[PDB]
Structures are given as structure tokens and as C-alpha cells.
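Given as C-alpha cells, the chain that follows is alone and in the form deposited in one PDB entry.
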């Protein structure tokens, strides 16, 4: 059973670019092609050296929004961000055309989704898994056999009882960064809040009691809070990803045709990344 590496790509490329490309300076295609290929090399190396030889780049595609928006409208509702994303979108195309990786890219599907679903499938299928991402949410998947997670900036393992509590903490208190609100407030609180508005706190003993036995949601939460809980499950909990979303990801995965590995040399050449031709072995 081949070792598999799922990479939270879109974020890593972007995060690297935020750190490496100077503010108030234009970002060109070369810049980003260079940046992206080097990032892949560096991370593919980490993976392969450890035994995860099948690389899957998982992309964030909110071109037409998010499937989750069909459940919660408010969900997820100087630097050359323009030049970056333009060139980046182009480079992703080249990866699909020439590089030897499965590029999980689906409009309205998040990199989190592809990882959550693939990790599940493969883990249960007997493969050892590596998640390359600093996102603590992936600890929801450590519960599956042979799942490790590596954080590429600080270069370290994401290790985590505490997982169920971390998750439950988000289900109950929300996640402001994604516009997910506490079960103690109205659904679209973050999209519609007033400056004169604050979220009532959720006591830890409750969070923990539910984390430990979810049926406790029915006694510790008021009916209102409970409705909010069930809405938050789909926004936070990977196990609440719809059968249809899951199925499409797996299909995409299975129908993916990789390009002859002989195409890389040409690409590098053609794309003027000759310094890299000497390192195709590293891809």
C-alpha cells in the first residue's frame, strides 16, 4: 500500500508568497512559477524521504463560492494580491498539464474537503498518510490509522481526547475566520453583528461533556443552541461532509490522468526554468 501525501497547496504557496514577495512590489508570473515549483520540490522531498511517495496537491477553489454556502450563506463571507492570484492560477494549470501530481481542484470545494475525504478513504484502505499543513483542523483526521501531519513553515509535526475537544470547541463557539458563529448567537452573527454586540461565553465543562458524549448536546444545550449545533456540524466536522461532495472528490481522484513524466523537462525548458532541469529527480 503506497504511502500518500496530501498537501494543503493553495495555502502553502500563498503563505510562502506572502512571506517572500516584498510589499509594494509587483508580482510577476516568473516570480510565482519560480516560487511554486521550489515549494513543491521542498515539500515533495520531505514526503518522499519519509515514505509518502504519492503526492496529491489539494487546491482551494472558491471561483463560484462554497458548497457550504448552500447550507450557510454567511460562511466565509500593501501586497499585490492581484498579480499573485493571476499568475498562481496559471501555474496551477501548468502543474495539471505537466507535473506528476494529482491536482485536486474543484470549484466550490475546499482543499480541506479533498484532504478530509482522501485521508479517510486511503487510511481505511491501508495506506500510511502524510498531511502537509499547518491547519489544526486536520487533527480531526488523526483518529484514522497511519495519519501524520507536518507543518512546513516551522517544520514540525502537528500532534494531538484533545482532538474531540478542539473540534467541539469550534462547533460550539464557532470559528470567526470562516464566519462560523457560536451556537449561543444567531447563525449569521459575524455577517450581521453590531459593534454593540458580543458573543456569550460557552463554559468548558459543557464543551467537554459534549465532546465526550455528543448526546449531551440534547440536555446541555437549549433547543435553540442545539439547532445551531447541528448547523455548525456541517460547517466544522469533516464527518458531516455530504455523501455527494465526498463521492465527487473520489471520482475526480480516480478519473485523474497524470501526464507522462517526460513532460516535466520540456515544461521547465519551455518555462525558462533551466536551473531546475538538473533537479527533475526531486519532483
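Superpose the two forms; the largest set of C-alphas matching within 1.5 Å is the rigid core. Numbering follows the first chain given and starts at 1.
Unmodelled residues of the deposited sequence between residue 160 and residue 161: 1 to 3. In the deposited entry, the stretch joining residue 89 to residue 90 is continuous, with no residue of the deposited sequence left without coordinates. Higher mean CA temperature factor, per the PDB entry, when comparing 104-112 with 78-86: 78-86. Taking the PDB entry as given, 254-262 carries the higher mean Cα B factor of the two stretches 254-262 and 220-228. Each of 137, 197, 208, 178 has a CA temperature factor in the record; the biggest one is found at 197. Of the candidates 53, 247, 43, 61, the deposited coordinates give 247 the top C-alpha B factor. Among the modelled residues of its chain, residue 167 has a C-alpha B-factor that falls in the middle third according to the deposited record. Ranked by Cα temperature factor within the chain, residue 95 sits in the highest third according to the deposited record. Placement of the Cα temperature factor of residue 239 within the chain: lowest third of the modelled residues, per the deposited record. Among the modelled residues of its chain, residue 47 has a C-alpha B-factor that falls in the lowest third according to the deposited record. Annotation for residue 8: C-alpha temperature factor in the lowest third relative to the rest of the modelled chain, per the entry.
Keep in mind that the form deposited in another entry is missing from the display, and what follows is about it.
Superposed on the core, the two forms differ at residue 134: its CA moves 2 Å or more between the shown form and the other one. Relative to what is shown, residue 134 and residue 182 are farther apart in the other entry; their C-alpha atoms differ in spacing by at least 3 Å. The pair residue 134 and residue 171 is looser in the other entry: their Cα-Cα distance rises by no less than 3 Å compared with this form.
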